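K.L.:
Following this message is one structure expressed as structure tokens.
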Amino acid sequence: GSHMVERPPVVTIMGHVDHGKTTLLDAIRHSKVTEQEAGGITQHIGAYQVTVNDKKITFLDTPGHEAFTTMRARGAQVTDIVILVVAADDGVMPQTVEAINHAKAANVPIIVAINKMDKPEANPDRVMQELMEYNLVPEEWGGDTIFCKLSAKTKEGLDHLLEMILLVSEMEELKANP
């Protein structure tokens, strides 16, 4: 809330390249409403700020010291968001872990983005158990991990992705899961 200062909810997109985290920004680039200046993939910029529902979704963080919140602050719990991208049957790659291991310990929710799920389904449950293997129990299961079985290409789950993101800005203001 804004009572304790409305800290900008930086929705950091994490996962790994192959899972299609670029596809997220790319597909979402084809459905922008505000942005900054340039949402093009060039190392001076790239990500942007999306105004859906008019909630300030600032995508991608600025790695000054640590990617996802510099690890030296316990008197300032920032509203960082861990978007955890996945892809069909891959589950969790190295980067998927090192980001979650880094993320989960800030007392922040994490959001699986099952890419390539626009098929019937690779194996959600298996993949989901990989997440809860890092103790990221899905919200289906009652942990703190929002599983979005989406698609950026078909543009089905792209919608459902932001739907879950803002859902976080809703429930985190109250009590989250419990």
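Computed from the coordinates by the stated procedures, all read-outs in this text should not be read as laboratory data. Please note: Cβ atoms are built from the backbone with ideal geometry, for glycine as well, and neighbour counts cover all protein chains shown.
K.L.:
Only four residue types carry charge here, +1 at the Cβ of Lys and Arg and -1 at the Cβ of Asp and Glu. Report the dipole size of the chain about the Cα centre in Debye, rounded to the nearest 20. Don't skip to the end; give the middle numbers.
P.N.:
On the way: 16 positive and 26 negative charges, 64 e Å.
In total the dipole reaches around 300 debye.
K.L.:
Full extension from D159 to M4: what is 0.36 nm times the residue separation minus their Cα-Cα distance, to one decimal in nm?
P.N.:
52.8 nm
K.L.:
If you don't mind, there's one more thing I want to ask. Determine the relative contact order of segment 3-178: mean sequence separation of Cα pairs under 8 Å and six or more apart, normalised by residue count, in whole percent. List each step's numbers first, then the result.
P.N.:
Details: 289 pairs, mean separation 37.4, N = 176.
Dividing the mean separation by the residue count of segment 3-178 yields 21 percent.
K.L.:
Which order do the peptides 90-98, 9-17 come out in when sorted by mean C-beta neighbours inside 10 angstrom, highest first? Each step should come with its number before you reach the end.
P.N.:
On the way: 90-98: 17.0, 9-17: 21.6.
Ranking, from highest mean packing down: 9-17, 90-98.
K.L.:
Applying 1/(1 + (r/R0)^6) with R0 = 30 Å to the Cβ-Cβ distance of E173 and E35, what FRET efficiency is obtained, to the nearest 0.05?
P.N.:
Working: r = 25 Å, r/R0 = 0.85.
With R0 = 30 Å, the Cβ-Cβ based efficiency is 0.75.
K.L.:
Additional query: What percent antiparallel are the DSSP beta bridges of the chain, to the nearest 5?
P.N.:
In the chain, DSSP labels about 20 percent of beta bridges as antiparallel.
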